[PDB]
Amino acid sequence: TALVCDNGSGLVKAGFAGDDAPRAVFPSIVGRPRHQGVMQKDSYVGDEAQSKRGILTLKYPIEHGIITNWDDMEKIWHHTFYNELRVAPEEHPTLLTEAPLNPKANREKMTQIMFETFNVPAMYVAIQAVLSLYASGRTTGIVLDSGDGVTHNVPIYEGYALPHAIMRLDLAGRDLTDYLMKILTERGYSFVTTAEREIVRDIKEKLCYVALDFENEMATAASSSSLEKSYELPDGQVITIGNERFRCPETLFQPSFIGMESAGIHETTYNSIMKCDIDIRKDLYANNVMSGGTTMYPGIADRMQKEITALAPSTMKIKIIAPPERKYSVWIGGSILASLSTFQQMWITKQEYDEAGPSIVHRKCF
Amino acid sequence: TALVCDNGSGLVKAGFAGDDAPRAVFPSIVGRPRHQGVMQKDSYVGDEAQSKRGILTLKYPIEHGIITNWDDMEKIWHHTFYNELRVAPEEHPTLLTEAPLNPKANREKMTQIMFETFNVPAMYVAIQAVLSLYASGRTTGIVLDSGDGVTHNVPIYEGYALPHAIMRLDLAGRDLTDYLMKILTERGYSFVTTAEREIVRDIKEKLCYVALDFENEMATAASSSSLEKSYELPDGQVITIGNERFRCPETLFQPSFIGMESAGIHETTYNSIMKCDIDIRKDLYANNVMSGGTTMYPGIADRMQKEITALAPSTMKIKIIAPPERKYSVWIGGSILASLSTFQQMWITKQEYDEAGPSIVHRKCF
Amino acid sequence: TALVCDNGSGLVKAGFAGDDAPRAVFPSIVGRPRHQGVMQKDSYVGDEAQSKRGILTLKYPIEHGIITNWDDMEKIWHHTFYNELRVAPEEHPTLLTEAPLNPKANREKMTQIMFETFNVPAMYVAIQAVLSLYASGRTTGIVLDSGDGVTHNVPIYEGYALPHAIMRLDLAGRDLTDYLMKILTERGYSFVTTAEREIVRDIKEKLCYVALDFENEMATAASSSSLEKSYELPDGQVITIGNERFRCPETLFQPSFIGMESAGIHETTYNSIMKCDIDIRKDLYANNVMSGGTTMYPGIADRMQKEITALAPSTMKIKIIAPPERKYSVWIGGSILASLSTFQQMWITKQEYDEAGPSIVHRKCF
Amino acid sequence: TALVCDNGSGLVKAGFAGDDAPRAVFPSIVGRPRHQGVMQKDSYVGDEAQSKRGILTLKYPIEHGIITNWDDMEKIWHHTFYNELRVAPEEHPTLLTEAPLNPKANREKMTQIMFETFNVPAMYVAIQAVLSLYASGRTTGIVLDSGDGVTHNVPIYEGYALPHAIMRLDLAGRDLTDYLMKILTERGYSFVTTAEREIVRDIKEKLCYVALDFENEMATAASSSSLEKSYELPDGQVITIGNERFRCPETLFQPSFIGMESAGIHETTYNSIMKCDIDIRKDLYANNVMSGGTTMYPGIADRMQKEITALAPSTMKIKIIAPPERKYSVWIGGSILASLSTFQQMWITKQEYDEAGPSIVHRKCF
Amino acid sequence: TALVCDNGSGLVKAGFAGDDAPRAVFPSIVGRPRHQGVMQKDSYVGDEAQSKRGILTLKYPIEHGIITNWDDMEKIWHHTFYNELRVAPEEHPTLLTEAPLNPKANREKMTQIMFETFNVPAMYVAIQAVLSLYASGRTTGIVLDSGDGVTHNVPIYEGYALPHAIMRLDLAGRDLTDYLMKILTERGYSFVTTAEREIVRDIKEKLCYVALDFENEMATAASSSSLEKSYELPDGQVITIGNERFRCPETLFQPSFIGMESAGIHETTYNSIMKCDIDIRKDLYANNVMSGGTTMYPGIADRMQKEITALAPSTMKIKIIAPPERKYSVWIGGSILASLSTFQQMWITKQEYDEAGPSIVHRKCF
Ligand SMILES: Nc1ncnc2c1ncn2[C@@H]1O[C@H](COP(=O)(O)OP(=O)(O)O)[C@@H](O)[C@H]1O
Ligand SMILES: Nc1ncnc2c1ncn2[C@@H]1O[C@H](COP(=O)(O)OP(=O)(O)O)[C@@H](O)[C@H]1O
Ligand SMILES: Nc1ncnc2c1ncn2[C@@H]1O[C@H](COP(=O)(O)OP(=O)(O)O)[C@@H](O)[C@H]1O
Ligand SMILES: Nc1ncnc2c1ncn2[C@@H]1O[C@H](COP(=O)(O)OP(=O)(O)O)[C@@H](O)[C@H]1O
Ligand SMILES: Nc1ncnc2c1ncn2[C@@H]1O[C@H](COP(=O)(O)OP(=O)(O)O)[C@@H](O)[C@H]1O
Ligand code: BEF
Ligand code: BEF
Ligand code: BEF
Ligand code: BEF
Ligand code: BEF
Ligand SMILES: [Ca+2]
Ligand SMILES: [Ca+2]
Ligand SMILES: [Ca+2]
Ligand SMILES: [Ca+2]
Ligand SMILES: [Ca+2]
């Protein structure tokens, strides 16, 4: 059976092709002690690094979908195969994922490591937006994928991708976490260390939501306390946040909050549709597929529906597809793809790689 | 029973002899994907190519009544027999049509394909203007046939054709569509791709009409908005066109709008009558038969009546015959001809073709 | 003396009739601050916006030869008259230019602004391809004009234009810049903001060239590093680009690289010649005149000569005219035209405009 | 005339707008007797608390730029107006300062006290880094402000602040004093009380310096006694310190010495520049402005120049601006700002505060 | 086998590694005759000095964890090896202990004496709080060690020490004895000599306890005599003490009773936890480990539990670990450490000391 490994900027989703959910989901972090040991491993990965983060410096090897620090990324892959899935990598073909418009060397370097370090028999680097469409059972739609590092739009029509209309945005969950840390100082809460950033991410995933109308919610938050929620820190301290609950996800629709010049995810989706042929736009308007953890905010589908309806013509039916399992859509689609009989010819085997070279991995790639 | 296949530059009209209407009417297009497939046929024909045109490059195999690209034309014939009529070609004699003054190799090549690829038992290539006269139940008249690729005049008197008076004009519906695309840029509407050309053709067939007096309609369109009509594009955008509604069909009467030197269809009809013997002109003036989709513009019969009345002597009765079913007149006449008992001797059987050769197909041909 | 203002999608070329070069050449941009001012103009135009682009959002008012945002275009004209030429607009007749096949309202709106806002005594909107022919001292030739927004072919024979053979392509320099930004991500270089797009345009103008044979250059770039060039960014970072140097200009000959269906500039030029009368094609083959900044790539004249030679008959002499000053050919030709004695009757004065109306500006226009 | 009051975590700088130096500079301390009075005020402020600190418990109301203990802070403001400046607060508009990224309630509470307790006619809370740029006569630069409680970087370009690139570090002079107290125990010197902390601060300001290369200075200090300096305590005892002279300021560049995870001030400055637009980085590299008492260590400008030169590209000119009066740069800039004619509209008067409320004080604030 | 010698300010705990209790426990005193001998050693050490203290002047060589008088400390080590343990020092590696934040010369001087005077083969100076954690079988916790000279808090998490959060207080058992001597004069009891100080220490260890609520116990002691206890002096005199029983240990929680400015041991423990990372505070709250003779007061664990519960958040579980053998926790932990197999590489042998020098002894030291 094939391995499906979705290495994101934030989380590692790993499992076996054919299953309905990833078997191993853990943070893509490597932690190293930043104090003096007096009584003791050198590095910790994943959930083990998350439980001991109080004395660790946490580092993400993947930044904005791009693998920095190839030594730490190799520890995460080693932790995935031997400690989480408990399999021998040299027995299973491995399906990997990558964000579109990535550097060419990123895919070549991970292919060399999979073939020469873990000695996988075959491998394949899939398109993440294509996998999200497999998960929804569709062949047509524009995918809005937003994870921890990358937000990107990929329109697909009847199984054909339109690469010239692909949008990529280096604004995702980790930038929202950093912005939440900044605006929490307005209430006197100071989160600085990499371990405290993990606390702010937990606050974001539990209390943040997308406002249907931002300016009306700012007026409501300033006239009462009905939007105030409390949160207990790991040391028993209780913090209270008000308009920060919806100001943090609002950055997705107003990237100027963090100094970015790009347009919000609603205008980026609309601009991507308007670059497609006029004859396919009606089907794209009706199949806006959301995927990734950053699309899990309460109210983001209703907000996107409202924003795109205001940009599109009035006779168009805007339909946002947001399944409840969309946080694992890329992995679920990869599990479906790696199980298809027509896909078994797409594997890049170790033999083909020794003769063709690193250039064989850049086919059907954008 | 015999098959009647009217392969035009724009539409394929196919059916069985004896019926009153073609059973299969679909565009004569072959579409091929112009993007990358990621999730898938190689080519699409007819209405299937029209529904997926957003991701296809559409190509017409027939240009100006002449078959270019014989590989695509063979796919359209294959699509016609097996997917539209659902018959075995080797069981029915096939009646085909061709525009007059065509290259000799065009008819020879289609006869070789019908006999050696589809293995038809017998076939016959009819004269399209003769078929239009069969459809109107006449034996005398001058036929003005205008389709997607060819406009031609053929005078017939008491069943005898006058080939020296035949006029042919490579200005028809597809040139009007291209001219409409050009003058739509004056309002800021940009239609470029082959798929958008199909949209402009739909605009032409719904909103364009022939002005009775062109210069008076230009003054009316410039003094008010009573001639403005709106049209909703496939993506919900609404465009508004004014004098373009009658400027596009006006090219038929003023071919200089598209840089052509020839005279309009009214002067071409009159010049064709004036090349006929003086003793038959009175009967030709009273039997101007229109056929083809390009004669379906509202007001074109009243305009032709006015223009020819101004050219002919005042004592002549000018009568334009424009039946409501004239868009299928060639097929309807072919269905009538292929059902006649006196025609069953005109079939060119496979046996006669093996001994006589390609020269047998050029009898009663001009 | 008359003012000659060539308002392109990318650059403003302004000066006085009779001079040999434009006096004012600056980018056609309006910049507005996108941060918070704490210590301060509202908007910056041209080279002033280019020097402070780090804190500005840059916007082009002209897109694909069409003026969007008429408020920003009026600031550029105001910046041109009072800050660059330092003249009173109400004292000089102004010669303007426009791309062919433009919307009618574009020319009418700029005429209303010139007469009612700047109060020019007379004005004239010239044909850009006619001006390029004046600059080369020719009366016959097919002009290939390619700037920042529009690429168009206009054949002219003995002083007569053939409007039906005019080709227009909304693929020019700005689309090549956007494509270069996309393929620079393959090496890990991320240019996103409107200010970074100006950096990529500078990379394009310095390092990009047209390959004589594209597939052979791809093999050379993949077998060595002789095609690698370095470039120092404004912050001291040095980037290295290889095959992107000739892949970016190759889009002009293969518009499918950016998802466009149209043919390259070589086939468009050939198709334009083949729509002209057969008796003038020999003179058009010998007078292919290049103009505009996008024709300034090294090797584009040799590539066009090779591509058209392969399409034209072997007995035809293909001659590409590419003068070194062809980046200002439209302005230079306008300076020549506005100085002719026979042209002084072509000015549309303010008096003629008050009585005739906006319709007077659409004479000798296509 | 306006009052300029720079309330820092360590020192109060107060004076009149227009002067070149603060009139009143005294420690921001409140001292209360911790013994039994037998022969007698309740509390002492500033230099009076510093002279009697032997029998007092000294407390700073401001910690890390944030006002704790609002009763003690009100005594310091009262001591400033009536005992140091000897003015009536209800006659002069008061310019106050605050560190960036402070809690919103800190500024609101000090505005309420200034308007309702001291009854100032108008007031304004300025940005401290903007004032430091006014003091240096610049409109562009990245300010490194380091006082007793806060270290922060604020990049400013052409008068526009980039708030998203602002860095704040709760590591400043008071943390260096505490670290010096800790490492002085290695030589047997025990400083424990709040009065002895004032002695250690005096040792730091007289004997500590920044080493150009830290590891080479550690080797020099361990091989001889040329770096040993003596210091006479208030009771005549003489202490000798060696490598502690440069180990204490080294914490600014290696915050791990005190258990902090953040990067040093050199990497924080570089990271702040790298978050700014690429087009402004060259001007920021050349205008690194230092301000605050913690930048007064001998050799800190040469060390920062060396550290940033190693991080920046080699073609960049790194220039550290460290004027001799930079310990009062915030006050000097505030005196310049409060004297500008264009600033007299920025005052928040008592009338505007009664109607708008506390929300009026958070304009042009970050 | 290794020797474990815990040289405290008050008691010497010496024995062999592997045993469960120290073999030799005697006071760290040197006594010299202060009268005239008429009928006779020069100095007495330990229990021999304690039995003849009536005619001796008793002196502690160690003050506040720091060795003063190195001649007397060498007599105590000599008395320990040859008279108490009866071993040859040159045959056993010796594990020594030291209080944190001690002068560097203290450890260097005792290492020189152990290697050059007693000629031990190897030695090691351990961290006393680490040893107390070994004794409790824990790897996580904050140790509150309070002996005769030093009180210190050391937080340890998962075997990693946080040195920046270490608190040290020069207030311990000997200061409580001196305070008891002072408040015993209120009842007319005069203890002055160094021999009478040993009597007061015996009173403290037998009658003193920690009040759960101090102000309520003062009211109870002033309203009855239920808290009065009697004590028989060595000469048969009986003294009675009331509120002095709990006023003496109360100094640990209110150091102002003896003129010290520092906070009590409960606030010092809480302040140490609040300097640790927020993610480890919950585990530190549940593992407050007590060690040392000064933690042996009845009721001190219940008082510390009550005081820290009032400072910590209500959702935190405060657990004070006070084992009955905690007076020897440092020695017991040292016996465990010196028996570990992984520790046998940590010994500093005589050979390593001759080449590396005194600097080798300051590794893993704070
Ligand atoms: N319930 C939630 N609400 C908001 N954000 C969430 C939620 N759950 C996860 N996220 C965010 O999603 C991001 C990671 O999702 P994922 O799609 O796995 O990213 P990647 O694949 O790039 O690692 C994280 O930054 C996390 O903060
Ligand atoms: N209602 C209509 N009005 C105007 N033009 C029409 C209409 N219907 C069809 N046409 C035009 O008729 C042309 C095709 O008619 P047809 O006679 O079938 O041509 P052919 O036989 O050459 O394919 C097309 O170009 C189409 O645009
Ligand atoms: N040396 C060069 N090489 C390639 N492209 C160039 C060069 N110089 C200018 N260009 C391109 O030419 C375009 C503008 O030329 P121009 O003819 O002035 O356009 P317009 O008139 O439409 O503004 C710009 O997009 C610029 O990138
Ligand atoms: N000569 C000096 N060398 C080193 N540090 C100094 C010197 N003079 C002052 N300082 C430090 O500067 C700090 C206060 O400077 P300042 O900028 O006034 O801080 P704040 O404005 O936050 O009160 C004090 O902590 C002091 O120790
Ligand atoms: N039962 C007791 N109650 C209160 N204090 C005690 C008791 N037993 C011993 N002590 C005190 O503990 C101190 C010494 O304990 P220890 O931890 O051995 O100190 P050190 O290791 O510094 O010598 C002495 O000052 C003694 O008075
Ligand atoms: F890397 Be994640 F998909 F943003
Ligand atoms: F081919 Be159609 F009849 F113009
Ligand atoms: F507007 Be430019 F001439 F493309
Ligand atoms: F409060 Be100081 F400016 F650090
Ligand atoms: F020296 Be003891 F441990 F206070
Ligand atoms: Ca992902
Ligand atoms: Ca036809
Ligand atoms: Ca131009
Ligand atoms: Ca300050
Ligand atoms: Ca001890």
# chains A, B, ... in the order shown; residues from 1 in each chain; ligands from 1
call {"tool": "interface_residues", "arguments": {"of": "chain C", "to": "chain A", "cutoff": "12 Å", "atoms": "only C-alpha atoms", "output": "ChimeraX atom specification"}}
result
/C:32-36,54-58,175,178-179,181-196,222,255-261
call {"tool": "residues_around", "arguments": {"residues": "residue 70 (chain E)", "least_positions_apart": "4", "cutoff": "9 Å", "atoms": "only C-alpha atoms", "output": "PyMOL selection string"}}
result
chain E and resi 61+74-75+109-110
call {"tool": "write_last_selection", "arguments": {"atoms": "N, CA, C and O atoms", "output": "compact mmCIF listing (two decimals), in the first residue's frame"}}
result
# COMPACT_ATOMS: atom_id res chain seq x y z
N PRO E 61 33.41 28.36 60.34
CA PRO E 61 34.20 28.80 59.17
C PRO E 61 33.33 29.21 57.99
O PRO E 61 33.73 30.10 57.23
N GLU E 74 39.85 23.70 56.83
CA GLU E 74 40.73 22.57 56.58
C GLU E 74 40.83 21.66 57.80
O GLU E 74 41.05 20.45 57.65
N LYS E 75 40.66 22.21 59.00
CA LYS E 75 40.60 21.36 60.20
C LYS E 75 39.32 20.54 60.23
O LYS E 75 39.33 19.40 60.71
N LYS E 109 39.15 27.31 45.49
CA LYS E 109 40.02 27.11 46.64
C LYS E 109 39.79 25.76 47.30
O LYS E 109 40.74 25.12 47.76
N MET E 110 38.54 25.30 47.34
CA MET E 110 38.27 24.00 47.95
C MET E 110 38.72 22.86 47.04
O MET E 110 39.04 21.77 47.52
call {"tool": "residues_near_ligand", "arguments": {"ligand": "ligand 4", "cutoff": "6 Å", "atoms": "only C-alpha atoms and all ligand atoms", "output": "PyMOL selection string"}}
result
chain D and resi 8-11+147-149+173-174+201+205+292-294+296-297+327
call {"tool": "write_last_selection", "arguments": {"atoms": "N, CA, C and O atoms", "output": "PDB file, in the first residue's frame"}}
result
ATOM      1  N   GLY D   8      10.123  58.173  31.187  1.00  0.00           N
ATOM      2  CA  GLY D   8      10.688  56.874  30.906  1.00  0.00           C
ATOM      3  C   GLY D   8      10.578  55.925  32.081  1.00  0.00           C
ATOM      4  O   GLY D   8      10.169  56.294  33.178  1.00  0.00           O
ATOM      5  N   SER D   9      10.953  54.671  31.829  1.00  0.00           N
ATOM      6  CA  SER D   9      10.967  53.678  32.895  1.00  0.00           C
ATOM      7  C   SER D   9      12.012  54.006  33.952  1.00  0.00           C
ATOM      8  O   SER D   9      11.883  53.582  35.103  1.00  0.00           O
ATOM      9  N   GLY D  10      13.047  54.754  33.585  1.00  0.00           N
ATOM     10  CA  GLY D  10      14.120  55.058  34.507  1.00  0.00           C
ATOM     11  C   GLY D  10      14.212  56.516  34.898  1.00  0.00           C
ATOM     12  O   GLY D  10      14.327  56.835  36.082  1.00  0.00           O
ATOM     13  N   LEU D  11      14.159  57.412  33.918  1.00  0.00           N
ATOM     14  CA  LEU D  11      14.361  58.833  34.145  1.00  0.00           C
ATOM     15  C   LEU D  11      13.166  59.635  33.652  1.00  0.00           C
ATOM     16  O   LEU D  11      12.492  59.255  32.692  1.00  0.00           O
ATOM     17  N   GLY D 147      16.081  52.382  26.293  1.00  0.00           N
ATOM     18  CA  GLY D 147      16.168  53.120  27.533  1.00  0.00           C
ATOM     19  C   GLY D 147      16.355  52.222  28.735  1.00  0.00           C
ATOM     20  O   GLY D 147      17.209  51.335  28.730  1.00  0.00           O
ATOM     21  N   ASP D 148      15.556  52.442  29.773  1.00  0.00           N
ATOM     22  CA  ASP D 148      15.636  51.630  30.977  1.00  0.00           C
ATOM     23  C   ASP D 148      14.687  50.442  30.946  1.00  0.00           C
ATOM     24  O   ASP D 148      14.966  49.423  31.584  1.00  0.00           O
ATOM     25  N   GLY D 149      13.586  50.537  30.210  1.00  0.00           N
ATOM     26  CA  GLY D 149      12.596  49.481  30.211  1.00  0.00           C
ATOM     27  C   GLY D 149      12.329  48.832  28.869  1.00  0.00           C
ATOM     28  O   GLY D 149      12.017  47.641  28.813  1.00  0.00           O
ATOM     29  N   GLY D 173      17.895  48.805  29.952  1.00  0.00           N
ATOM     30  CA  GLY D 173      18.916  49.118  30.937  1.00  0.00           C
ATOM     31  C   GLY D 173      18.695  48.435  32.273  1.00  0.00           C
ATOM     32  O   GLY D 173      19.644  47.968  32.902  1.00  0.00           O
ATOM     33  N   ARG D 174      17.441  48.369  32.724  1.00  0.00           N
ATOM     34  CA  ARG D 174      17.166  47.790  34.034  1.00  0.00           C
ATOM     35  C   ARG D 174      17.458  46.296  34.063  1.00  0.00           C
ATOM     36  O   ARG D 174      17.875  45.770  35.099  1.00  0.00           O
ATOM     37  N   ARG D 201      23.756  50.290  39.167  1.00  0.00           N
ATOM     38  CA  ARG D 201      23.484  51.076  37.970  1.00  0.00           C
ATOM     39  C   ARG D 201      24.562  52.130  37.749  1.00  0.00           C
ATOM     40  O   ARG D 201      24.946  52.405  36.608  1.00  0.00           O
ATOM     41  N   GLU D 205      27.051  52.452  34.435  1.00  0.00           N
ATOM     42  CA  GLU D 205      27.169  53.643  33.604  1.00  0.00           C
ATOM     43  C   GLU D 205      28.592  54.177  33.537  1.00  0.00           C
ATOM     44  O   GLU D 205      28.902  54.955  32.630  1.00  0.00           O
ATOM     45  N   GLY D 292      18.458  56.934  23.379  1.00  0.00           N
ATOM     46  CA  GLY D 292      18.233  56.351  24.682  1.00  0.00           C
ATOM     47  C   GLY D 292      19.527  56.127  25.447  1.00  0.00           C
ATOM     48  O   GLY D 292      20.617  56.033  24.880  1.00  0.00           O
ATOM     49  N   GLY D 293      19.391  56.029  26.770  1.00  0.00           N
ATOM     50  CA  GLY D 293      20.559  55.912  27.625  1.00  0.00           C
ATOM     51  C   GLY D 293      21.313  54.609  27.462  1.00  0.00           C
ATOM     52  O   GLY D 293      22.526  54.563  27.678  1.00  0.00           O
ATOM     53  N   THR D 294      20.620  53.538  27.079  1.00  0.00           N
ATOM     54  CA  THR D 294      21.273  52.247  26.907  1.00  0.00           C
ATOM     55  C   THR D 294      22.134  52.186  25.648  1.00  0.00           C
ATOM     56  O   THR D 294      22.931  51.255  25.506  1.00  0.00           O
ATOM     57  N   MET D 296      24.374  54.455  25.155  1.00  0.00           N
ATOM     58  CA  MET D 296      25.510  55.282  25.536  1.00  0.00           C
ATOM     59  C   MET D 296      26.736  54.477  25.944  1.00  0.00           C
ATOM     60  O   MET D 296      27.722  55.072  26.386  1.00  0.00           O
ATOM     61  N   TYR D 297      26.703  53.155  25.819  1.00  0.00           N
ATOM     62  CA  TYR D 297      27.882  52.362  26.130  1.00  0.00           C
ATOM     63  C   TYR D 297      28.999  52.676  25.140  1.00  0.00           C
ATOM     64  O   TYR D 297      28.747  52.802  23.939  1.00  0.00           O
ATOM     65  N   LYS D 327      21.095  60.537  24.430  1.00  0.00           N
ATOM     66  CA  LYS D 327      20.392  60.141  25.644  1.00  0.00           C
ATOM     67  C   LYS D 327      19.130  60.962  25.869  1.00  0.00           C
ATOM     68  O   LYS D 327      18.229  60.505  26.577  1.00  0.00           O
TER      69      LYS D 327
END
call {"tool": "residues_around", "arguments": {"residues": "residue 153 (chain E)", "least_positions_apart": "5", "cutoff": "9 Å", "atoms": "only C-alpha atoms", "output": "PyMOL selection string"}}
result
chain E and resi 129+142-146+165-169+265+268-269+272
call {"tool": "write_last_selection", "arguments": {"atoms": "C-alpha atoms", "output": "JSON list (two decimals), in the first residue's frame"}}
result
[["chain", "number", "residue", "atom", "x", "y", "z"],
["E", 129, "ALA", "CA", 19.16, 21.72, 44.50],
["E", 142, "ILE", "CA", 11.21, 23.92, 42.19],
["E", 143, "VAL", "CA", 13.44, 23.22, 45.19],
["E", 144, "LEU", "CA", 13.22, 25.41, 48.29],
["E", 145, "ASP", "CA", 16.48, 24.66, 50.10],
["E", 146, "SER", "CA", 16.97, 26.39, 53.46],
["E", 165, "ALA", "CA", 15.07, 32.02, 37.72],
["E", 166, "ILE", "CA", 17.34, 31.01, 40.62],
["E", 167, "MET", "CA", 16.73, 33.03, 43.78],
["E", 168, "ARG", "CA", 19.21, 33.19, 46.65],
["E", 169, "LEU", "CA", 18.53, 34.58, 50.12],
["E", 265, "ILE", "CA", 10.15, 32.49, 51.10],
["E", 268, "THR", "CA", 10.36, 34.28, 46.50],
["E", 269, "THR", "CA", 9.13, 30.85, 45.41],
["E", 272, "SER", "CA", 10.83, 32.26, 40.82]]
call {"tool": "residues_around", "arguments": {"residues": "region 80-82 of chain D", "least_positions_apart": "2", "cutoff": "12 Å", "atoms": "only C-alpha atoms", "output": "PyMOL selection string"}}
result
chain D and resi 3-7+11-16+22-29+45-47+73-78+84-92+94+114+118+120
call {"tool": "write_last_selection", "arguments": {"atoms": "C-alpha atoms", "output": "JSON list (two decimals), in the first residue's frame"}}
result
[["chain", "number", "residue", "atom", "x", "y", "z"],
["D", 3, "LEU", "CA", 5.58, 71.40, 28.37],
["D", 4, "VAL", "CA", 7.56, 68.42, 27.07],
["D", 5, "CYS", "CA", 7.57, 65.54, 29.56],
["D", 6, "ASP", "CA", 9.37, 62.32, 28.60],
["D", 7, "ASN", "CA", 8.35, 59.82, 31.30],
["D", 11, "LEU", "CA", 14.36, 58.83, 34.14],
["D", 12, "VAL", "CA", 11.94, 61.74, 33.89],
["D", 13, "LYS", "CA", 12.97, 64.27, 31.24],
["D", 14, "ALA", "CA", 10.88, 67.43, 31.57],
["D", 15, "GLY", "CA", 11.18, 70.94, 30.24],
["D", 16, "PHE", "CA", 9.73, 73.58, 27.96],
["D", 22, "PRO", "CA", 15.43, 69.13, 29.49],
["D", 23, "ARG", "CA", 15.27, 71.42, 32.50],
["D", 24, "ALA", "CA", 14.45, 68.62, 34.97],
["D", 25, "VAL", "CA", 16.12, 65.20, 34.76],
["D", 26, "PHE", "CA", 15.62, 62.96, 37.79],
["D", 27, "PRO", "CA", 15.03, 59.25, 38.46],
["D", 28, "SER", "CA", 11.47, 57.98, 38.12],
["D", 29, "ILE", "CA", 11.42, 56.52, 41.63],
["D", 45, "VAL", "CA", 10.40, 61.27, 44.78],
["D", 46, "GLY", "CA", 13.28, 61.52, 42.36],
["D", 47, "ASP", "CA", 16.60, 62.94, 43.51],
["D", 73, "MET", "CA", 3.08, 57.80, 38.90],
["D", 74, "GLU", "CA", 0.76, 60.65, 39.91],
["D", 75, "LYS", "CA", 3.21, 61.65, 42.64],
["D", 76, "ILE", "CA", 6.01, 61.81, 40.07],
["D", 77, "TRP", "CA", 3.95, 64.00, 37.74],
["D", 78, "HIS", "CA", 3.04, 66.21, 40.70],
["D", 84, "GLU", "CA", 11.00, 70.66, 39.30],
["D", 85, "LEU", "CA", 9.48, 72.91, 36.63],
["D", 86, "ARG", "CA", 7.54, 75.08, 39.13],
["D", 87, "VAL", "CA", 4.66, 75.78, 36.74],
["D", 88, "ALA", "CA", 0.89, 75.59, 36.86],
["D", 89, "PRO", "CA", -0.19, 72.59, 34.75],
["D", 90, "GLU", "CA", -3.47, 74.29, 33.79],
["D", 91, "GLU", "CA", -1.64, 76.94, 31.72],
["D", 92, "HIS", "CA", 0.56, 74.90, 29.36],
["D", 94, "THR", "CA", 1.70, 69.07, 27.67],
["D", 114, "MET", "CA", -3.70, 64.94, 32.81],
["D", 118, "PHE", "CA", -3.82, 68.43, 36.60],
["D", 120, "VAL", "CA", -4.03, 70.73, 31.40]]
call {"tool": "select_by_dssp", "arguments": {"residues": "region 215-364 of chain A", "states": "strand (DSSP E or B)", "output": "number ranges by chain"}}
result
A: 229-232, 238-241, 288-291, 320-321, 348-349
